[PDB]
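J.: coordinates only, sequence not included:
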């Protein structure tokens, strides 16, 4: 809940990072998203910092709608937004894995 | 393709020193000495540890049983993290932990046998003076904080300052793998045909068939190395090898460095593996004792071994992150052996 | 991640196989136009344009 504040002057953060996240496609055809409790590392000299650094995974809360431009002619495509609409709940860190 | 084959269940136990005492919250002594300690409402204990490659870490421990539960949580693989298959149990003394593994689960290296580093930390390594009262409560560490694992083996029976903290390891289940190419096998002496074993006064090297027999009576076959085969006779001879010299029945363990020695016993010489004309394999465990000629090993003289009970159990091979496919039809014909084998005249068959 | 060779997807060629949970050999790692996708009912999602 930090924010860009006026000018676009990007910097390293603690954190926006949530490295352990994974997105997979199971043979069933369902998409899958997982949030491992495991920590990660950032090799030097990526960023910031000059040395190695480690990140704690953070909780996520997916929520999904549909695209539509202002004063535009694009039509909403509900059937697709549904197969993705499956993800709308909270995802606490843990062994559970949501699917489309 | 191949098959995991355990001859006996993996086992290990924490090892209290005889001079130690269990923590005693009931008594009011101003300061308990070198008592073992497993956390308290007042005091957390860390327990950094890594068994079978799955690191266990926590520092909110309040009692040993919480350690038991939290360890038990890792026994099975989850959606993500690997499971160890090892099952901790409270030690009867209330002193520590009894690790036990049925190694009948899973199909990879991590699920089989027991292995256990004891990482620096281990406030659950239970060796710290702590003190009671005055007044309300309050058990406290004697000068913050509690000591860590160090180069101990806080409970492991040994010490090893060199490098990483010392780890016991104990093999009971070997693996076997087929290959189309011809495969010769290192010959060794048998106490039946193919005689014999000339001692070479003191010094080991002798003839190669006897040389392998010399090393065998150390822990050389206790190694976790993979064992290849092709022709069936390879397989029976090799199963006989491992059955005789390849298991830690005592629940002792390799402990850190690989320094093999004679044991009483890993040996179970009377075991036999045969192929009946029906085509069935057969394994037998005679009540009869055997003898070890001088100067094999250790000892310098002759020695005799009592036969010991076995408990076969069998699964299927599969490498981590690999492409080998399980071959169930073969694992079945060997799956026939899964029950216990008490010493006696009964003979199991495939 | 199985075979760790780097063969990039979307080629519409170099299709690659794997033994399945049973034993049958089948296709893996192939991207699809997403304009061809159908739901469980077999109705077309009929995604288009922007």
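T.: Looks like it came in fine. Residues are numbered from 1 along each chain as shown, chains lettered A, B, ... in the order given.

J.: what residues does chain A put near chain C?
T.: Taking C-beta under 8 Å from any C-beta of the partner chain as the test, the list of chain A residues beside chain C reads A:27, A:74, A:77, A:79, A:80, A:82, A:83. In short, each C-beta sits where N, CA and C put it, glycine included.

J.: Looking at the residues you listed, which are in strands?
T.: Among those, no member falls in strands (DSSP state E).

J.: Tell me which two of these sit farthest apart.
T.: A:27 and A:74 (33.0 Å; C-beta to C-beta).

J.: Closest one to chain B out of the residues of chain A next to chain C, please.
T.: Proximity of those to chain B (C-beta to the nearest C-beta) peaks at residue A:27, which lies at 15.5 Å.

J.: ok, the closest one - contacts?
T.: residue C:20 (C-beta atoms under 8 Å, 6 or more residues apart in numbering or on different chains).

J.: gap between it and residue B:324?
T.: Between residue A:27 and residue B:324 the computed distance is 19 Å (C-beta to C-beta, to the nearest Å).

J.: Can you get me a residue count around the closest residue to chain A within chain C?
T.: Residue nearest to chain A within chain C (C-beta to the nearest C-beta): residue C:45, separated by 4.7 Å. Residues within reach of residue C:45, counting by other C-beta atoms under 10 Å in any protein chain shown, total 18.

J.: Chain B contacts on chain A?
T.: Residues of chain A lying close to chain B (C-beta under 8 Å from any C-beta) are A:34, A:36, A:38, A:95, A:96, A:97.

J.: again, only this time at 7 Å
T.: Within chain A, the positions adjacent to chain B are A:34, A:36, A:95, A:97 by C-beta under 7 Å from any C-beta of the partner chain.

J.: hang on, isn't residue A:12 packed against residue A:47?
T.: Yes. At 4.5 Å, residue A:12 and residue A:47 qualify as touching, with contact defined as C-beta atoms under 7 Å.

J.: centroid residue for chain C?
T.: Nearest to the geometric centre of chain C sits residue C:30, at 3.3 Å (C-alpha atoms, centre = their mean).

J.: for it, helix, strand, or coil?
T.: coil (DSSP: H, G, I helix; E, B strand; the rest coil).

J.: Most neighbours out of the residues of chain A next to chain B, which is it?
T.: Most surrounded of these: other C-beta under 10 Å gives residue A:36, at 19 neighbours.

J.: quick one: contacts for that one?
T.: With contacts defined as C-beta atoms under 7 Å, 6 or more residues apart in numbering or on different chains, the neighbours of residue A:36 are A:20, A:57, B:80.

J.: Among the residues you listed, which ones are in helices?
T.: Secondary structure from DSSP state H places none of these in helices.

J.: of the residues you listed, closest to chain C?
T.: Nearest to chain C among the contacts of residue A:36, counting by C-beta to the nearest C-beta, is residue B:80 at 14.1 Å.

J.: Now residue C:20: closest residue in space that isn't a chain neighbour?
T.: Using C-beta to C-beta, 6 or more residues apart in numbering or on different chains and skipping the chain neighbours, the partner closest in space to residue C:20 is residue C:26 (5.3 Å).

J.: tell me which element that neighbour falls in.
T.: Secondary structure assignment for residue C:26, by DSSP states H and E: strand C:25-28.

J.: That strand packs against which elements?
T.: With contacts taken as 3 or more C-beta pairs under 7 Å, 6 or more residues apart in numbering or on different chains; DSSP states H and E, strand C:25-28 sits against strand C:16-19.

J.: Just checking: what are the partner strands of the strand it packs on?
T.: Here strand C:16-19 has these sheet partners by DSSP bridges: strand C:25-28 (antiparallel).

J.: neighbouring contacts of the strand it pairs with?
T.: C:15, C:16, C:17, C:18, C:19, C:20.

J.: Check the offset of that strand from the chain's centre.
T.: Here the centre of strand C:25-28 is set off from its chain's centre by 9 Å, with C-alpha atoms, centre = their mean, to the nearest Å.

J.: same deal with stretch C:19-33?
T.: In terms of C-alpha atoms, centre = their mean, the centre of stretch C:19-33 is set 8 Å apart from its chain centre.

J.: try stretch A:30-42
T.: Remark: stretch A:30-42 is offset 10 Å from the chain centroid, using C-alpha atoms, centre = their mean.

J.: buried sites along that stretch?
T.: Across stretch A:30-42, burial judged by 16 or more other C-beta atoms under 10 Å in any protein chain shown covers A:31, A:33, A:34, A:35, A:36, A:42.

J.: partners of residue C:38 in the sheet?
T.: What pairs with residue C:38, by the bridge criterion (DSSP bridges), is residue C:44.

J.: can you tell me how far whatever residue of chain C ends up closest to chain B sits from residue C:2?
T.: Closest to chain B within chain C is residue C:19: 5.0 Å, counting by C-beta to the nearest C-beta. Using C-beta to C-beta, residue C:19 is found at 10 Å from residue C:2.

J.: residue contacts, the one residue in chain A that gets nearest to chain B?
T.: Closest to chain B within chain A is residue A:95: 4.5 Å, counting by C-beta to the nearest C-beta. By C-beta under 7 Å, 6+ apart, residue A:95 lies in contact with B:78, B:79, B:80.

J.: same thing with residue A:25?
T.: Residues near residue A:25 by C-beta under 7 Å, 6+ apart: residue A:31.

J.: Would you mind measuring from it to residue B:2?
T.: 31 Å.

J.: Ok, residue A:32 next?
T.: When distance is defined by C-beta to C-beta, residue A:32 is 32 Å away from residue B:2.

J.: Give me the neighbour count for residue C:18.
T.: Residue neighbour count, defined by other C-beta under 10 Å, stands at 15 for residue C:18.

J.: Which residue, other than its chain neighbours, is closest to residue A:74?
T.: Nearest in space to residue A:74, with sequence neighbours left out and distances taken as C-beta to C-beta, 6+ apart, is residue C:50 at 5.6 Å.

J.: distance of the one you found from residue A:75?
T.: For residue C:50, the distance to residue A:75 - C-beta to C-beta - is 10 Å.

J.: quick one: which of the two has more around it?
T.: Ranked by neighbour count (other C-beta under 10 Å), residue C:50 and residue A:75 place residue A:75 first, with 10 against 7.
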